[PDB]
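Asks: Handing you this structure, nothing more for now.
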Amino acid sequence: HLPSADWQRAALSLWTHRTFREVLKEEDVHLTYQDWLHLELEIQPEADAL
Amino acid sequence: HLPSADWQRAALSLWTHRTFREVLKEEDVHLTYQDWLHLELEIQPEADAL
Amino acid sequence: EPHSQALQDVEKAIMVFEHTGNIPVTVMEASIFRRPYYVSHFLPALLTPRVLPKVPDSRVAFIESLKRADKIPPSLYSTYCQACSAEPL
Amino acid sequence: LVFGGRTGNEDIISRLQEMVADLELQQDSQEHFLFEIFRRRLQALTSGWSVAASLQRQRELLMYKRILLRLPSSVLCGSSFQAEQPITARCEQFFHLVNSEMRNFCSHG
Amino acid sequence: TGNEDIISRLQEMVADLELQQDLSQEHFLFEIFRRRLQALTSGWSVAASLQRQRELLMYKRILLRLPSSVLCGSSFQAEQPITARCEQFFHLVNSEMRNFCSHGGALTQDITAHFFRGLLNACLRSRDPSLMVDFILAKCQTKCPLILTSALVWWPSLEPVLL
């Protein structure tokens, strides 16, 4: 769909990679609902990307 | 009047001007609600004064 | 006539493609069942001999989805690439 | 070149949402006005098999979908079907709009 | 510029909770408002006053987006269970909105009309609607007179709508 498939494959490799997943658990890094809200409000109605 | 003054003061002096008021009494001109919408829909939120 | 009519048609197909995804189906019927009109329509979708933006958009994605749908005989795609590359006073 | 299409304003749909919610609370048998409007627009459109009329009708219904999916979920059904005799009101309008139209275009598979 | 889908998600969940309540209690929004206004600096410094003004215009905005059922509730059942969430709104109008969201000893057309629309909605949904309307607008003389003083200004706006 979106821009360069190389960046996409890089993102997918990192997503699938093990140590990312085992690291994600013991985490304040786990993206609290409020943090999600902060970022989704930071993005705009102007540049959509969707 | 033709001063080349600032546009804000020019427009508001035009408002206050009587003949514009008597002009707006002829209601091919009164800005119906559908006209309001036809104009307001064009305006993107991406680049906008407000 | 079919050089303006086809422009209106491809415009509509692209807007409908934005709302939807994946190639409106009236077009994929007109392709297999009306090949004359398909070629008279498929010329204005490729009459974009214009500077491509850096990030792609509706037209570009429409064309990508078609060539992945195995249409666009490669002659017209090669042509598309070429044209897009480019006293009294 | 026409190069996609611009949105214009998503705010006015959120100013329609408010008015709909208010009229809905007010009503809580009779029919809604949306489906009558939709009938009038699709009727005023041409009945051809041409690519232009086809893609035009499909664009219109894809925008109807957007409106209804924003509005509250009870413009479709109504609210509090009281008894079995005064049953199935406004669902019939929704079913007509499905079968006649959304089956053709919005359907898939 | 970043909000106008999440505000719609808020509308969704709030109407959901309205149905959940239709299936007496006070609304959580006014308690949030109370908490933030309390936890502001109590000072009279123009920094604090401007901060309070910003926060109250944002509250007015949220209330005007959400339905008019949040102010007056809906369906006043009987006479004893009466004036629920209206008193909650009146405390706000008296404590906060008369200072900032006001002009000419009157409220703003926006929230005034929002209120009266919710009022007629709930009252017509309830029985003895004229008598109940008269009751609440007699209590407004005693709990929140700024509403009546506002509705005197903004009357040629509302009277078509209410009629």
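Asks: Quick test for you: out of D:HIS32, D:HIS108, pick the one residue that is surrounded by fewer than 13 Cβ atoms within 10 Å (Cβ to Cβ) and not in a helix (DSSP H, G or I).
Replies: After applying the criteria, what remains is D:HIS108.
Asks: Would you point out the residue of the range A:24-50, among those that are of a type in the set (S, T, N, Q) and more than 12 Å from every other protein chain (Cβ to nearest Cβ), that is farthest from E:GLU4 (Cα to Cα)?
Replies: Among residues in the range A:24-50 that are of a type in the set (S, T, N, Q) and more than 12 Å from every other protein chain (Cβ to nearest Cβ), the one farthest from E:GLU4 (Cα to Cα) is A:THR32.
Asks: While we're looking at this one, here's another question. Could you please find all residues in the range E:1-54 being farther than 17 Å from E:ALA84 by Cα, away from chain A (no Cβ under 14 Å) and of a type in the set (D, E, K, R)?
Replies: E:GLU12, E:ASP16, E:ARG35, E:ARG36, E:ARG52, E:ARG54
Asks: Output the residue which, of all residues in chain B that are of a type in the set (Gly, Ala, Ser) and farther than 23 Å from D:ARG6 by Cβ, is nearest to the chain's Cα centre (by Cα).
Replies: B:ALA11
Asks: Among the numbered conditions (1) among the polar types (S, T, N, Q); (2) under 14 Å from the mean Cα position of the chain (by Cα); (3) surrounded by fewer than 16 Cβ atoms within 10 Å (Cβ to Cβ), tell me where D:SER50 comes up short.
Replies: Checking D:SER50 against (1) among the polar types (S, T, N, Q); (2) under 14 Å from the mean Cα position of the chain (by Cα); (3) surrounded by fewer than 16 Cβ atoms within 10 Å (Cβ to Cβ), the one that fails is (2).
Asks: Would you mind finding the one in E:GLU12, E:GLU55, E:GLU31 that is of a type outside the set (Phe, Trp, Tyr), surrounded by 15 or more Cβ atoms within 10 Å (Cβ to Cβ) and in a helix (DSSP H, G or I)?
Replies: E:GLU55
Asks: Give the residues of the range C:59-75 that are in a loop (DSSP other than H, G, I, E, B) and under 10 Å from C:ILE23 (Cα atoms), sorted by residue number.
Replies: Result: C:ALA69, single match.
Asks: Let me ask another. Just name the residue that is surrounded by the most Cβ atoms within 10 Å (Cβ to Cβ) out of those in the range C:15-33 that are polar (S, T, N, Q) and at the interface with chain D (Cβ under 7 Å from one of its Cβ atoms).
Replies: Ranking the candidates gives C:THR26 first.
Asks: Let me ask something else about it. Output the number of the condition that E:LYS60 fails; it satisfies all remaining conditions of (1) surrounded by fewer than 21 Cβ atoms within 10 Å (Cβ to Cβ); (2) closer than 22 Å to D:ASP28 by Cβ.
Replies: Exception for E:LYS60: condition (2).
Asks: Here is a further query. Taking the stated definitions as given, is D:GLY78 within 14 Å of chain C (Cβ to nearest Cβ) and on the phi > 0 side of the Ramachandran plot?
Replies: Judged against the criteria, D:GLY78 is not a match.
Table: residues versus (1) touching a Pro at 6+ places or on another chain (Cβ under 8 Å); (2) within 14 Å of chain D (Cβ to nearest Cβ); (3) buried (at least 18 other Cβ atoms within 10 Å of the Cβ).
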site: C:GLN5; (1), (2), (3): no, yes, no
site: C:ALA13; (1), (2), (3): yes, yes, yes
site: C:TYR37; (1), (2), (3): yes, yes, no
site: C:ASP57; (1), (2), (3): no, yes, no
site: C:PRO74; (1), (2), (3): no, no, no
site: C:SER85; (1), (2), (3): no, no, no
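Asks: Within the set of pairs 6 or more residues apart or between chains, which connect a residue that is at negative phi inside the range A:9-20 to a residue that is among the aromatic types (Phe, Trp, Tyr) with Cβ atoms less than 8 Å apart?
Replies: Close Cβ pairs (under 8 Å, with a partner that is among the aromatic types (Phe, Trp, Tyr)) amount to A:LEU14/A:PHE20.
Asks: Restricting to the range E:94-112, name every residue that is within 10 Å of E:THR149 (Cβ to Cβ) and in contact with a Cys (Cβ under 8 Å, 6 or more places away or on another chain).
Replies: Result: E:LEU107, single match.
Asks: So which residues in the range C:36-58 are within 19 Å of C:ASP9 (Cα to Cα) and not in a helix (DSSP H, G or I), if there are any at all?
Replies: C:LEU47, C:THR48, C:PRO49, C:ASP57
Each value in this text was obtained by applying a stated rule to the coordinates, not by laboratory testing. Don't worry about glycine lacking a Cβ; one is built from the backbone with ideal geometry, like all the others, and counts go over all protein chains shown.
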